[PDB]
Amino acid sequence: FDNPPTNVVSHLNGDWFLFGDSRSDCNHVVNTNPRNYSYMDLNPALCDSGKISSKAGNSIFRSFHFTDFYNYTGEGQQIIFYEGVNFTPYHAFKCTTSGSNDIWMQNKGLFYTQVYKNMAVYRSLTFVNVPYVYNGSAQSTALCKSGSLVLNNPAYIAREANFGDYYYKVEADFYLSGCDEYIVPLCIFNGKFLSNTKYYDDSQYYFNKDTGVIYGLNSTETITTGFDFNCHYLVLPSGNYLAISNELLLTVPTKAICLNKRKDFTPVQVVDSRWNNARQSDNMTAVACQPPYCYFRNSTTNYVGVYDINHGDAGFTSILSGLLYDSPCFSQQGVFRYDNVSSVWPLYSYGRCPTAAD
């Protein structure tokens, strides 16, 4: 008899949900000709489950920040993630041509940290539009973009007519309703930002009008190039807020991760989302995925897909195959198929776990 920790994502019972990309997007098949499911690491037998929210070409972080949006939506006791690759160093995103992808990688890490920690304690994830009102005549402007990637959260608001510089203070009201909590971005250009001969230090506050909490960021970097848009990801309660800009462009959330239905602490499961080695990926979801709130799973091999080089891999197929059955015990070392006896002690465990005793 053998009850080793196995390298899969699974579920204690039927109460689970997976968030993904093309490698688990059952709907993508209609855009394959001929129709072929092999682009998936997910077993298509799960295509009718109602337990997956995945979109080819997308990722939760991508959708959170950019116009290339998919309304990831799902609910489960145990939450599983297999996405992230669709925002990687490969995409070489930077707000401007003189920016830094490293900043965007740092953002990615901070985002998924909040997502993983919070989905250990809420059943439900979706996206909600965040309404805001700005009183001036200036409109939103797409100042952060690169290739086909256009940032739209937070929004930037253009300077008013009548101002000649960026030393102005302006504000907007944004309102959060419909969720227990909300993940929103608070961002600044962190660097010496040149505009018409003057160097700016971006400053942005958000203010909960009723709790009285001020959350702010001011630029502190001295470099005049190779800097970018640094974001923090706030986890906020419902209420009415001001976005108060003290320098450069006013920024205000336009989308939030909507967290609902508080649950008993239940660690999330996260599968490494990377390209075949020929493209540059990152380890930001690995950094984000820590005990006790997250179990991280990865294959021991290069990602070599059979449909194309980046889709349909033996190693990841195997990891996801655990979704085809119930398993009693989840641990840092893996998933145990039996709840009785083992030869290793499950670490940071959840479920009905075996003893490594005599």
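When you see a residue number, it is the position in the sequence shown, counting from 1.
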Out of 166-174 and 180-188, which stretch has the higher average CA B-factor listed in the record?
166-174
Higher average CA B factor in the deposited record is what I'm after, so tell me if that's 281-289 or 133-141.
133-141
Go through 64, 296, 37, 330 one by one and give the residue whose Cα B-factor in the PDB entry is largest.
37
Go through 223, 128, 236, 79 one by one and give the residue whose Cα B-factor in the PDB entry is largest.
223
Cα B factor band for residue 338 (lowest, middle or highest third within the chain):
highest
What third of its chain's C-alpha B-factors does residue 18 belong to: lowest, middle or highest?
lowest
Third assignment of residue 274 from its chain's C-alpha B-factors:
middle
Within-chain third of residue 263 by Cα B-factor, per the entry:
lowest
In terms of the chain's CA B-factor thirds, is residue 207 lowest, middle or highest?
lowest
